[PDB]
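Everything below concerns the one structure shown next.
Rule-based calculations on the coordinates, nothing more; no lab input. Cβ placement follows ideal geometry from the backbone for every residue including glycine, while neighbour counts extend to all protein chains displayed.
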Amino acid sequence: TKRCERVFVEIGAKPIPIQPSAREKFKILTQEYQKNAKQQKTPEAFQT
RNA sequence: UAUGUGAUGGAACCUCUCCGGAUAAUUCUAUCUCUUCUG
């Protein structure tokens, strides 16, 4: 169903610090996606 | 690399003491996936 992609234009905002736990949560979710990909038998070429 | 009328060093066991032990049913159902355009 994909029809249009999104591009992020720059804005004048002050940088905001990132909490340490954010990268841990990102790691957890990024093994979750691949685990679900193998257990769901999805095509790697079309893997979203 | 000695010094000479005098060397049991073959003249001495790395010996003694200590459970690779403890815990675990080869079992089994809820989704997955994010951008759609005024409707």
| message | Give me the dipole magnitude in Debye, nearest 20, for chain A about the Cα centre, with unit charges on the beta carbon: positive for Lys and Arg, negative for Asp and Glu. | response | 140
| task | Could you tell me which GluC sites (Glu not before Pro) in chain A are loop residues by DSSP with no more than 14 other beta carbons within 10 angstrom of their beta carbon? | result | A:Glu5, A:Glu10, A:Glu44
| query | Can you give the angle from 0 to 90° between the axis of helix A:21-40 and the longest principal axis of chain A, with both taken from C-alpha atoms, to the nearest 10? | reply | 20
| request: Could you pull out the chymotrypsin sites (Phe, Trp or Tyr not before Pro) across chain A that fall in loop regions by DSSP (anything but H, G, I, E, B) with no more than 12 other Cβ atoms inside 10 Å? | output: A:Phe8, A:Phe46
| Total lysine pairs under 22 Å (Cα atoms) in chain A, excluding pairs fewer than 8 apart on one chain | 6
| Value at 222 nm in deg cm²/dmol, rounded to 500, when DSSP H runs of n ≥ 4 in chain A each add -39,500 (n - 2.57) | -14500 deg cm²/dmol
| message | How large are Rg and Dmax for chain A when calculated on the C-alpha trace, in angstrom? | response | 16.1, 43
| said: Using the Cα centre of chain A as origin and beta-carbon charges of +1 (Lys, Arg) and -1 (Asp, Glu), tell me which of A:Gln40, A:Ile11, A:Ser21 is placed farthest towards the positive end of the dipole. | reply: A:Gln40
| field | With at most 14 neighbouring Cβ atoms within 10 Å, loop trypsin sites (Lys or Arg not before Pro) (DSSP) excluded, longest segment of chain A | value | A:7-40
